Amino acid sequence: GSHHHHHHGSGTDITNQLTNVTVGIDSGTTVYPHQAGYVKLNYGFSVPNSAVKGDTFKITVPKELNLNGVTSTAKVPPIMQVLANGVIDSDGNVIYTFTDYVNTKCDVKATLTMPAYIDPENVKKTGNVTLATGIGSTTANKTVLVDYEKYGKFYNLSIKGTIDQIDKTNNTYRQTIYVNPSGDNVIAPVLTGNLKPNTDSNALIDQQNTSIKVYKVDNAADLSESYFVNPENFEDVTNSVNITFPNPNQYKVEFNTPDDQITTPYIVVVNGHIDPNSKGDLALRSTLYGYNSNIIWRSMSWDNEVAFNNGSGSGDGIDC
Amino acid sequence: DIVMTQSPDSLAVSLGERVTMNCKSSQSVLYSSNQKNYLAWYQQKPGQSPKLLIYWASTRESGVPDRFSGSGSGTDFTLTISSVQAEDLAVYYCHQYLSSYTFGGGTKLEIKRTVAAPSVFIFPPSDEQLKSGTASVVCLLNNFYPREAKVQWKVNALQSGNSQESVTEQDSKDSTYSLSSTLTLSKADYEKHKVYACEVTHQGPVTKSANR
Amino acid sequence: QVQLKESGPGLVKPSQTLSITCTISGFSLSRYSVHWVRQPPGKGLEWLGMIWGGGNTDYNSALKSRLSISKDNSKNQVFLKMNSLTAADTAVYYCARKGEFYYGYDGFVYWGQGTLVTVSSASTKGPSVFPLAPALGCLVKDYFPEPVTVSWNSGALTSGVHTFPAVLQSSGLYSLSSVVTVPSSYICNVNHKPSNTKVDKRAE
């Protein structure tokens with residue numbers, strides 16, 4: 001079952017024949033994507049007795065949102081006996097295809113809730129965003145503040161990280177780390193990547209399982225707050241740093257400059273693996289060590305954990 | 001643990017010829033992201049600290065002669081000496097630094113020469129010593145080549161345990177070795193037998209025996 | 001110039017703690033990590049652990065329970081401590097340091113000369129010197145610690161001389177054989193500093 005392979009055929013889009021349409025967006029006045037914040041998209045509709053297997057309807061989802069969040073592939077929930085199975089198209093919209101249930105049922109009505117997440121590429125910056133979703137002529141709008149908040153900082157050591165592209169079938173994940181986003185001077189900077197202490201974590205961190213790329217940021221303004229990163233905007237300095245794997249499930253990166261200090265941010269993109277023989281918990285700790293001008297040794301660390309949500313969908317009807 | 005294994009433990013060299021040594025790793029030491037092989041080679045002489053010759057598989061360390069080169073990738077690696085000199089006689093160790101730090105068991109270079117049999121001697125326990133109530137029989141193999149030699153004591157009874165041997169370093173003007181084997185028995189045990197034997201096999205099977 | 005020199009005891013009992021010092025020059029200890037690595041007689045090398053400039057330490061997993069590394073930047077000193085010792089901890093102990101940034105990794109470029117630590121319960125003892133009678137040899141038995149120095153005819157019988165590496169007996173004492181090849185008509189001169197002993201046995 002792959003989201004890269006779709007199937008079509010007989011049937012007609014009966015979106016505009018949906019009766020009793022209501023749409024809603026459940027969220028707070030503020031959404032914090034990096035604190036596992038999300039919204040709920042709610043939908044209700046009556047289906048025409050006229051409907052037959054293969055007829056489709058379209059739920060319009062805005063580019064400011066995606067449905068996959070921290071995982072790499074979105075699963076839209078089936079409306080339930082299965083009334084309708086759904087799929088995500090190239091625009092991000094959800095096309096549902098009605099089953100056989102509707103070939104012999106009448107007065108059919110349904111409900112749907114889908115978790116949705118602020119998309120990092122389309123909402124790169126903190127700020128208000130009007131979210132719009134709908135079905136046919138019925139659109140709902142909700143204007144919300146998207147707040148990506150702030151990196152962590154202790155003395156002259158700044159760091160934050162994000163996790164996405166969690167793929168529980170190929171056993172991989174991505175982690176994107178901003179090192180020194182404060183634009184501090186740091187001397188003898190060292191980054192270590194670990195499992196989060198005393199927490200169930202199934203990351204395998206080592207030279208075979210963990211691909212690390214390091215980008216130098218010559219213009220901090222180019223950094224998104226969402227942690228979307230396109231490597232083409234920055235300088236790839238992977239080959240000039242020291243990357244090693246000094247302890248079980250730990251990596252270490254020394255920036256190793258000629259004057260043994262950094263004055264700019266660095267982005268570290270970690271493409272790693274999950275332990276196939278496990279529940280696949282992901283709890284990580286990223287630690288930035290460094291001296292200040294006074295040569296007192298300090299570290300700041302950032303923890304990454306994740307949450308998972310499921311939508312639902314129910315439908316009733318009567319034998320004709 | 002990435003384990004490092006070097007194939008030829010000992011290597012016989014002709015002063016001037018091309019010596020290659022193998023080193024192998026139990027997992028790859030080429031990290032795919034930076035395309036670097038985290039591999040070093042070290043030289044060591046008998047009383048001195050190791051000396052870095054080669055790092056990143058093929059980067060020659062400053063000061064090291066041009067006759068040394070390193071090649072390989074992934075799990076298989078090689079240290080070459082274009083033409084071996086007097087000072088090249090030493091031990092060589094490989095080493096990886098990608099996943100903590102580990103070393104290979106090393107490869108000793110020795111000078112190659114023609115085969116030469118040991119002259120075998122036996123020496124019974126001295127009378128002076130017998131006074132200390134302890135008996136050491138000494139078997140000596142002088143000036144032989146190669147080193148590989150099996151010494152076995154008969155007391156017509158094979159002696160398992162109860163012996164110790166040491167071998168000299170290759171002679172600087174002969175390219176030859178020297179071996180001394182000591183069989184130690186109690187006084188009671190030594191006095192309860194006659195006709196002890198030192199049998200010695202080599203590539204150059206002679207028994208040198210004495211009767212009590 | 002960057003320098004390192006290891007000092008410690010020569011001998012240490014298995015009931016005791018091994019304590020080594022690495023004295024550093026030519027760089028600041030707070031800016032460079034220093035490693036410890038050891039080498040048993042006639043065997044290969046084994047990383048023990050390291051202390052970062054900032055004070056963090058990493059240990060070899062197989063020895064972490066028995067090992068502590070610490071330092072004093074003030075005094076340019078790095079310290080190694082090892083308890084629960086056995087004969088297997090008899091080794092030359094080295095401290096070592098990486099090359100400058102352009103090497104691209106933290107490894108072993110600058111080494112100390114190393115310091116032999118031998119773990120042993122033995123007490124100082126002088127050797128018994130027995131003649132290996134006619135090949136003529138001297139059997140130098142049951143001494144501690146090393147080394148033995150052997151001469152032949154106060155240093156005139158230099159040719160054909162074979163004085164072997166000592167072997168450690170199960171007793172904890174050493175013995176060695178020294179031999180000279182001859183045609184006949186003759187005295188080996190054996191010294192052993194740490195017991196004020198001197199012997200001169202003759203040949204039959």
# chains A, B, ... in the order shown; residues from 1 in each chain; ligands from 1

$ residues_around --residues "residue 62 (chain C)" --least-positions-apart "5" --cutoff "12 Å" --atoms "only C-alpha atoms" --output "PyMOL selection string"
(chain B and resi 1) or (chain C and resi 46-49+67)

$ write_last_selection --atoms "C-alpha atoms" --output "PDB file, in the first residue's frame"
ATOM      1  CA  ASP B   1      33.582  -2.377  17.821  1.00  0.00           C
TER       2      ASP B   1
ATOM      3  CA  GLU C  46      44.882  -0.139  23.023  1.00  0.00           C
ATOM      4  CA  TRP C  47      43.118   3.200  23.416  1.00  0.00           C
ATOM      5  CA  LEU C  48      42.117   3.755  27.058  1.00  0.00           C
ATOM      6  CA  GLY C  49      40.285   7.074  26.903  1.00  0.00           C
ATOM      7  CA  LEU C  67      39.571   3.744  34.899  1.00  0.00           C
TER       8      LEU C  67
END

$ residues_around --residues "residue 238 (chain A)" --least-positions-apart "3" --cutoff "9 Å" --atoms "only C-alpha atoms" --output "PyMOL selection string"
(chain A and resi 212-215+241-243) or (chain B and resi 33-34)

$ closest_atom_pairs --of "chain B" --to "chain C" --cutoff "6 Å" --atoms "only C-alpha atoms" --output "Markdown table"
| residue | atom | partner | partner_atom | distance |
| --- | --- | --- | --- | --- |
| B:49 | CA | C:113 | CA | 5.7 |
| B:105 | CA | C:44 | CA | 5.3 |
| B:123 | CA | C:132 | CA | 5.8 |
| B:168 | CA | C:164 | CA | 5.6 |

$ closest_residue --among "B:84, B:188, B:4, B:183" --to "residue 19 (chain B)" --atoms "only C-alpha atoms"
B:84

$ interface_residues --of "chain A" --to "chain C" --cutoff "7 Å" --atoms "only C-alpha atoms" --output "PyMOL selection string"
chain A and resi 242+256+258+297

$ closest_residue --among "C:68, C:33, C:120, C:73" --to "residue 16 (chain C)" --atoms "only C-alpha atoms"
C:120

$ closest_residue --among "A:176, A:244, A:49, A:257" --to "chain B" --atoms "only C-alpha atoms"
A:244

$ residues_around --residues "region 128-135 of chain A" --least-positions-apart "5" --cutoff "12 Å" --atoms "only C-alpha atoms" --output "CSV table (one decimal) with N, CA, C and O atoms, in the first residue's frame"
chain,number,residue,atom,x,y,z
A,13,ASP,N,-17.4,12.9,-10.2
A,13,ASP,CA,-17.2,13.7,-9.0
A,13,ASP,C,-18.5,14.3,-8.5
A,13,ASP,O,-19.0,15.2,-9.2
A,14,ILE,N,-19.0,13.8,-7.4
A,14,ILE,CA,-20.3,14.3,-7.0
A,14,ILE,C,-20.3,15.3,-5.8
A,14,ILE,O,-21.2,15.4,-5.0
A,15,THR,N,-19.1,16.0,-5.7
A,15,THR,CA,-18.9,17.0,-4.7
A,15,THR,C,-20.1,17.9,-4.6
A,15,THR,O,-20.7,18.1,-3.5
A,16,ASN,N,-20.4,18.6,-5.7
A,16,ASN,CA,-21.5,19.6,-5.6
A,16,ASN,C,-22.9,19.0,-5.4
A,16,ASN,O,-23.8,19.8,-5.2
A,17,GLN,N,-23.1,17.7,-5.4
A,17,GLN,CA,-24.3,17.2,-5.0
A,17,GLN,C,-24.4,16.8,-3.5
A,17,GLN,O,-25.4,16.3,-3.0
A,18,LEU,N,-23.3,17.1,-2.8
A,18,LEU,CA,-23.4,16.9,-1.3
A,18,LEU,C,-24.3,17.8,-0.7
A,18,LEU,O,-24.3,19.0,-1.0
A,19,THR,N,-25.2,17.3,0.2
A,19,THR,CA,-26.2,18.2,0.8
A,19,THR,C,-25.8,18.4,2.3
A,19,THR,O,-24.8,17.8,2.7
A,20,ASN,N,-26.4,19.3,3.0
A,20,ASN,CA,-26.1,19.6,4.4
A,20,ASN,C,-24.7,19.7,4.7
A,20,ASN,O,-24.2,19.1,5.7
A,21,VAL,N,-24.0,20.5,4.0
A,21,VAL,CA,-22.5,20.6,4.1
A,21,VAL,C,-22.1,21.6,5.2
A,21,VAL,O,-22.6,22.7,5.3
A,22,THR,N,-21.3,21.1,6.2
A,22,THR,CA,-20.6,21.9,7.2
A,22,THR,C,-19.2,21.6,7.3
A,22,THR,O,-18.8,20.4,7.3
A,23,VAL,N,-18.4,22.6,7.5
A,23,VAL,CA,-16.9,22.5,7.6
A,23,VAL,C,-16.6,23.3,8.8
A,23,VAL,O,-17.2,24.4,9.0
A,24,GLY,N,-15.5,22.9,9.5
A,24,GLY,CA,-15.0,23.6,10.7
A,24,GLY,C,-13.5,23.4,10.8
A,24,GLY,O,-12.9,22.4,10.3
A,25,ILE,N,-12.9,24.3,11.5
A,25,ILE,CA,-11.5,24.2,11.8
A,25,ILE,C,-11.3,24.4,13.3
A,25,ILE,O,-11.4,25.5,13.8
A,26,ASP,N,-10.9,23.3,14.0
A,26,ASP,CA,-10.8,23.4,15.4
A,26,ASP,C,-9.3,23.7,15.8
A,26,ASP,O,-8.4,22.9,15.5
A,27,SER,N,-9.1,24.8,16.4
A,27,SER,CA,-7.8,25.2,16.9
A,27,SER,C,-7.8,26.3,17.9
A,27,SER,O,-8.8,27.0,18.1
A,29,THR,N,-6.2,30.1,19.3
A,29,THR,CA,-5.9,31.3,18.7
A,29,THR,C,-4.5,31.3,18.2
A,29,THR,O,-4.1,32.0,17.2
A,30,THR,N,-3.6,30.5,18.8
A,30,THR,CA,-2.3,30.3,18.4
A,30,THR,C,-1.9,28.8,18.2
A,30,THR,O,-2.4,27.9,18.8
A,31,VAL,N,-1.1,28.6,17.1
A,31,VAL,CA,-0.6,27.2,16.8
A,31,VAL,C,0.9,27.2,16.9
A,31,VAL,O,1.5,28.1,16.3
A,32,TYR,N,1.4,26.3,17.6
A,32,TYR,CA,2.9,26.1,17.8
A,32,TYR,C,3.3,24.8,17.2
A,32,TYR,O,3.3,23.8,17.9
A,38,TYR,N,-1.3,21.5,16.3
A,38,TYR,CA,-1.9,21.2,15.1
A,38,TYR,C,-3.4,21.7,15.1
A,38,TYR,O,-3.8,22.2,16.1
A,39,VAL,N,-4.1,21.6,14.0
A,39,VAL,CA,-5.5,21.9,13.9
A,39,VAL,C,-6.3,20.7,13.6
A,39,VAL,O,-5.7,19.7,13.1
A,40,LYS,N,-7.6,20.7,13.8
A,40,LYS,CA,-8.5,19.7,13.4
A,40,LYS,C,-9.4,20.2,12.3
A,40,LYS,O,-9.9,21.3,12.4
A,41,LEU,N,-9.4,19.5,11.2
A,41,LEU,CA,-10.4,19.9,10.1
A,41,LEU,C,-11.6,19.0,10.2
A,41,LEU,O,-11.6,17.8,10.2
A,42,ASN,N,-12.8,19.6,10.4
A,42,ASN,CA,-14.0,18.9,10.6
A,42,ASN,C,-15.0,19.1,9.4
A,42,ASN,O,-15.1,20.2,8.8
A,43,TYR,N,-15.6,18.0,9.0
A,43,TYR,CA,-16.5,18.0,7.9
A,43,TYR,C,-17.7,17.1,8.1
A,43,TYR,O,-17.6,16.0,8.7
A,44,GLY,N,-18.9,17.6,7.7
A,44,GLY,CA,-20.1,16.8,7.7
A,44,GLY,C,-20.9,17.0,6.4
A,44,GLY,O,-20.9,18.1,5.9
A,45,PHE,N,-21.5,15.9,5.9
A,45,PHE,CA,-22.3,16.1,4.7
A,45,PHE,C,-23.3,14.9,4.5
A,45,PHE,O,-23.0,13.8,4.9
A,56,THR,N,-16.7,10.3,-6.7
A,56,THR,CA,-15.7,10.9,-5.8
A,56,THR,C,-16.1,12.2,-5.2
A,56,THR,O,-17.0,12.9,-5.8
A,57,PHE,N,-15.6,12.6,-4.1
A,57,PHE,CA,-15.7,14.0,-3.7
A,57,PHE,C,-14.4,14.6,-3.2
A,57,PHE,O,-13.5,13.8,-2.8
A,58,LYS,N,-14.3,15.9,-3.3
A,58,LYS,CA,-13.0,16.6,-3.1
A,58,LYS,C,-13.1,17.5,-1.8
A,58,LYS,O,-14.0,18.4,-1.7
A,59,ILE,N,-12.2,17.3,-0.9
A,59,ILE,CA,-12.0,18.2,0.2
A,59,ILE,C,-10.8,19.1,-0.1
A,59,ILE,O,-9.7,18.6,-0.4
A,60,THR,N,-11.0,20.4,-0.1
A,60,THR,CA,-10.0,21.3,-0.5
A,60,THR,C,-9.2,21.7,0.8
A,60,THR,O,-9.7,22.1,1.7
A,61,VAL,N,-7.9,21.4,0.7
A,61,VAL,CA,-7.0,21.7,1.8
A,61,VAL,C,-6.0,22.8,1.3
A,61,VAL,O,-5.5,22.7,0.2
A,62,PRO,N,-5.7,23.7,2.1
A,62,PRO,CA,-4.8,24.9,1.7
A,62,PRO,C,-3.4,24.5,1.7
A,62,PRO,O,-2.9,23.7,2.5
A,63,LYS,N,-2.6,25.2,0.9
A,63,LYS,CA,-1.1,25.0,0.9
A,63,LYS,C,-0.4,25.4,2.3
A,63,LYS,O,0.7,25.0,2.5
A,64,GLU,N,-1.1,26.1,3.2
A,64,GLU,CA,-0.5,26.5,4.4
A,64,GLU,C,-0.5,25.3,5.4
A,64,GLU,O,0.3,25.3,6.3
A,65,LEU,N,-1.2,24.2,5.0
A,65,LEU,CA,-1.3,23.0,5.8
A,65,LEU,C,-0.9,21.7,5.0
A,65,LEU,O,-1.0,21.7,3.8
A,66,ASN,N,-0.4,20.7,5.8
A,66,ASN,CA,-0.3,19.4,5.2
A,66,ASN,C,-0.9,18.4,6.2
A,66,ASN,O,-1.4,18.8,7.3
A,92,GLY,N,-2.6,18.7,-2.9
A,92,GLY,CA,-2.7,18.6,-1.5
A,92,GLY,C,-4.1,18.3,-1.2
A,92,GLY,O,-4.5,18.2,0.0
A,93,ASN,N,-5.0,18.2,-2.2
A,93,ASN,CA,-6.4,18.0,-1.9
A,93,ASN,C,-6.7,16.5,-1.6
A,93,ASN,O,-6.0,15.7,-2.1
A,94,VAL,N,-7.8,16.3,-0.9
A,94,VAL,CA,-8.2,14.9,-0.5
A,94,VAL,C,-9.4,14.5,-1.4
A,94,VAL,O,-10.5,15.0,-1.3
A,95,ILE,N,-9.1,13.5,-2.3
A,95,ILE,CA,-10.2,12.9,-3.1
A,95,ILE,C,-10.6,11.6,-2.4
A,95,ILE,O,-9.8,10.6,-2.3
A,96,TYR,N,-11.9,11.5,-2.1
A,96,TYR,CA,-12.5,10.3,-1.5
A,96,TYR,C,-13.3,9.6,-2.6
A,96,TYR,O,-13.9,10.2,-3.4
A,112,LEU,N,-16.3,13.6,9.4
A,112,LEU,CA,-14.9,13.4,9.2
A,112,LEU,C,-14.1,14.4,10.0
A,112,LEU,O,-14.5,15.6,10.1
A,114,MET,N,-9.9,15.4,10.4
A,114,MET,CA,-8.6,15.1,10.0
A,114,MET,C,-7.6,16.1,10.7
A,114,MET,O,-7.8,17.3,10.6
A,116,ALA,N,-4.4,18.3,10.9
A,116,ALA,CA,-3.6,19.0,9.9
A,116,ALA,C,-2.5,19.9,10.6
A,116,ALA,O,-2.7,20.3,11.7
A,117,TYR,N,-1.5,20.2,9.8
A,117,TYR,CA,-0.3,20.8,10.4
A,117,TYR,C,0.2,21.9,9.6
A,117,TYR,O,0.1,21.8,8.3
A,118,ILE,N,0.7,22.9,10.2
A,118,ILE,CA,1.2,24.1,9.5
A,118,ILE,C,2.4,23.6,8.6
A,118,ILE,O,3.3,23.0,9.2
A,119,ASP,N,2.4,23.8,7.3
A,119,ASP,CA,3.4,23.4,6.5
A,119,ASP,C,4.7,24.2,6.6
A,119,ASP,O,4.6,25.5,6.5
A,122,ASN,N,5.6,26.4,3.2
A,122,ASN,CA,4.7,27.5,2.9
A,122,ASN,C,4.5,28.5,4.0
A,122,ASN,O,4.1,29.6,3.8
A,123,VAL,N,4.8,28.1,5.3
A,123,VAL,CA,4.7,29.1,6.4
A,123,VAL,C,6.1,29.1,7.0
A,123,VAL,O,6.3,28.5,8.1
A,140,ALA,N,-14.5,27.1,5.1
A,140,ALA,CA,-14.4,27.6,6.4
A,140,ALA,C,-13.0,28.3,6.5
A,140,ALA,O,-12.0,27.8,6.0
A,141,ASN,N,-13.0,29.5,7.1
A,141,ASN,CA,-11.7,30.3,7.3
A,141,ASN,C,-11.5,30.5,8.8
A,141,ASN,O,-12.4,30.8,9.6
A,142,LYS,N,-10.3,30.3,9.3
A,142,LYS,CA,-9.9,30.6,10.6
A,142,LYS,C,-8.5,31.2,10.5
A,142,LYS,O,-7.6,30.7,9.9
A,143,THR,N,-8.4,32.4,11.2
A,143,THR,CA,-7.1,33.1,11.2
A,143,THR,C,-6.5,32.9,12.5
A,143,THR,O,-7.0,33.1,13.6
A,144,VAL,N,-5.2,32.4,12.4
A,144,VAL,CA,-4.5,31.9,13.6
A,144,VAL,C,-3.1,32.5,13.5
A,144,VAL,O,-2.6,32.9,12.4
A,145,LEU,N,-2.5,32.7,14.7
A,145,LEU,CA,-1.1,33.1,14.8
A,145,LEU,C,-0.3,31.8,14.8
A,145,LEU,O,-0.5,30.9,15.6
A,146,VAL,N,0.6,31.7,13.8
A,146,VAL,CA,1.6,30.6,13.8
A,146,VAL,C,2.9,31.1,14.5
A,146,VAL,O,3.6,32.0,14.0
A,147,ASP,N,3.2,30.5,15.6
A,147,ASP,CA,4.3,30.9,16.4
A,147,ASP,C,5.3,29.8,16.5
A,147,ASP,O,5.0,28.7,17.1
A,148,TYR,N,6.5,30.0,15.8
A,148,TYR,CA,7.6,29.0,15.9
A,148,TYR,C,8.5,29.3,17.1
A,148,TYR,O,9.4,28.5,17.3

$ closest_residue --among "A:273, A:5, A:34, A:216" --to "residue 307 (chain A)" --atoms "only C-alpha atoms"
A:34

$ atom_distance --atom1 "CA of residue 83 (chain B)" --atom2 "CA of residue 18 (chain B)"
5.1 Å

$ interface_residues --of "chain B" --to "chain A" --cutoff "12 Å" --atoms "only C-alpha atoms" --output "list in words"
residues 1, 2, 27, 28, 29, 30, 31, 32, 33, 34, 35, 36, 37, 38, 74, 96, 97, 98, 99, 100, 101 and 102 of chain B

$ write_last_selection --atoms "N, CA, C and O atoms" --output "mmCIF file, in the first residue's frame"
data_model
loop_
_atom_site.group_PDB
_atom_site.id
_atom_site.type_symbol
_atom_site.label_atom_id
_atom_site.label_comp_id
_atom_site.auth_asym_id
_atom_site.auth_seq_id
_atom_site.Cartn_x
_atom_site.Cartn_y
_atom_site.Cartn_z
ATOM 1 N N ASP B 1 32.106 -2.492 17.918
ATOM 2 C CA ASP B 1 33.582 -2.377 17.821
ATOM 3 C C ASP B 1 34.047 -2.732 16.424
ATOM 4 O O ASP B 1 33.919 -3.863 15.987
ATOM 5 N N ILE B 2 34.581 -1.757 15.715
ATOM 6 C CA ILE B 2 35.268 -2.041 14.466
ATOM 7 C C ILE B 2 36.610 -2.711 14.745
ATOM 8 O O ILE B 2 37.507 -2.086 15.312
ATOM 9 N N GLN B 27 34.004 -3.747 9.743
ATOM 10 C CA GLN B 27 32.977 -2.911 9.107
ATOM 11 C C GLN B 27 33.675 -1.814 8.325
ATOM 12 O O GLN B 27 34.827 -1.496 8.598
ATOM 13 N N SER B 28 32.965 -1.220 7.377
ATOM 14 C CA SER B 28 33.567 -0.185 6.535
ATOM 15 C C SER B 28 33.963 0.987 7.379
ATOM 16 O O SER B 28 33.224 1.362 8.277
ATOM 17 N N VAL B 29 35.125 1.555 7.069
ATOM 18 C CA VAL B 29 35.580 2.781 7.689
ATOM 19 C C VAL B 29 35.490 3.990 6.716
ATOM 20 O O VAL B 29 36.013 5.061 7.000
ATOM 21 N N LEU B 30 34.817 3.806 5.582
ATOM 22 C CA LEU B 30 34.511 4.903 4.667
ATOM 23 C C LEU B 30 33.133 5.423 5.047
ATOM 24 O O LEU B 30 32.134 4.714 4.940
ATOM 25 N N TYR B 31 33.077 6.658 5.519
ATOM 26 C CA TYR B 31 31.817 7.265 5.903
ATOM 27 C C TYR B 31 31.287 7.884 4.635
ATOM 28 O O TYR B 31 32.017 8.589 3.948
ATOM 29 N N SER B 32 30.033 7.593 4.310
ATOM 30 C CA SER B 32 29.506 7.839 2.973
ATOM 31 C C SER B 32 29.290 9.333 2.710
ATOM 32 O O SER B 32 29.376 9.803 1.588
ATOM 33 N N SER B 33 29.036 10.078 3.764
ATOM 34 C CA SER B 33 28.695 11.474 3.627
ATOM 35 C C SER B 33 29.892 12.349 3.205
ATOM 36 O O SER B 33 29.746 13.221 2.376
ATOM 37 N N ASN B 34 31.066 12.110 3.768
ATOM 38 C CA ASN B 34 32.220 12.920 3.430
ATOM 39 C C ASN B 34 33.189 12.183 2.527
ATOM 40 O O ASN B 34 34.141 12.786 2.014
ATOM 41 N N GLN B 35 32.916 10.897 2.300
ATOM 42 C CA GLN B 35 33.743 10.026 1.439
ATOM 43 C C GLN B 35 35.168 9.868 1.945
ATOM 44 O O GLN B 35 36.088 9.686 1.167
ATOM 45 N N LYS B 36 35.346 9.922 3.257
ATOM 46 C CA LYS B 36 36.651 9.742 3.855
ATOM 47 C C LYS B 36 36.768 8.376 4.531
ATOM 48 O O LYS B 36 35.844 7.919 5.185
ATOM 49 N N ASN B 37 37.928 7.748 4.372
ATOM 50 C CA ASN B 37 38.253 6.504 5.033
ATOM 51 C C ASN B 37 39.035 6.835 6.271
ATOM 52 O O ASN B 37 40.136 7.352 6.190
ATOM 53 N N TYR B 38 38.481 6.542 7.428
ATOM 54 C CA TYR B 38 39.100 6.967 8.663
ATOM 55 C C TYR B 38 40.157 5.945 9.063
ATOM 56 O O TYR B 38 39.962 5.191 10.019
ATOM 57 N N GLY B 74 37.074 1.582 2.091
ATOM 58 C CA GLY B 74 36.013 0.747 2.647
ATOM 59 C C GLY B 74 36.501 -0.179 3.752
ATOM 60 O O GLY B 74 36.564 0.238 4.901
ATOM 61 N N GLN B 96 41.864 2.770 12.947
ATOM 62 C CA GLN B 96 40.687 3.483 12.524
ATOM 63 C C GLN B 96 40.194 4.390 13.665
ATOM 64 O O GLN B 96 40.322 4.067 14.851
ATOM 65 N N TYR B 97 39.605 5.507 13.277
ATOM 66 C CA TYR B 97 39.202 6.546 14.188
ATOM 67 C C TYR B 97 37.816 7.069 13.858
ATOM 68 O O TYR B 97 37.429 8.149 14.296
ATOM 69 N N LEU B 98 37.039 6.282 13.123
ATOM 70 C CA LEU B 98 35.651 6.644 12.814
ATOM 71 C C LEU B 98 34.720 6.314 13.946
ATOM 72 O O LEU B 98 33.876 7.101 14.282
ATOM 73 N N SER B 99 34.894 5.141 14.545
ATOM 74 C CA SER B 99 34.014 4.645 15.620
ATOM 75 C C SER B 99 34.916 4.354 16.813
ATOM 76 O O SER B 99 35.527 3.293 16.923
ATOM 77 N N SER B 100 35.037 5.328 17.689
ATOM 78 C CA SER B 100 36.092 5.321 18.703
ATOM 79 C C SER B 100 37.463 5.060 18.038
ATOM 80 O O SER B 100 37.661 5.420 16.864
ATOM 81 N N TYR B 101 38.362 4.404 18.778
ATOM 82 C CA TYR B 101 39.738 4.145 18.350
ATOM 83 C C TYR B 101 40.187 2.681 18.514
ATOM 84 O O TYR B 101 40.228 2.134 19.631
ATOM 85 N N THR B 102 40.548 2.044 17.405
ATOM 86 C CA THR B 102 41.047 0.669 17.437
ATOM 87 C C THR B 102 42.252 0.472 16.524
ATOM 88 O O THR B 102 42.420 1.173 15.507
#
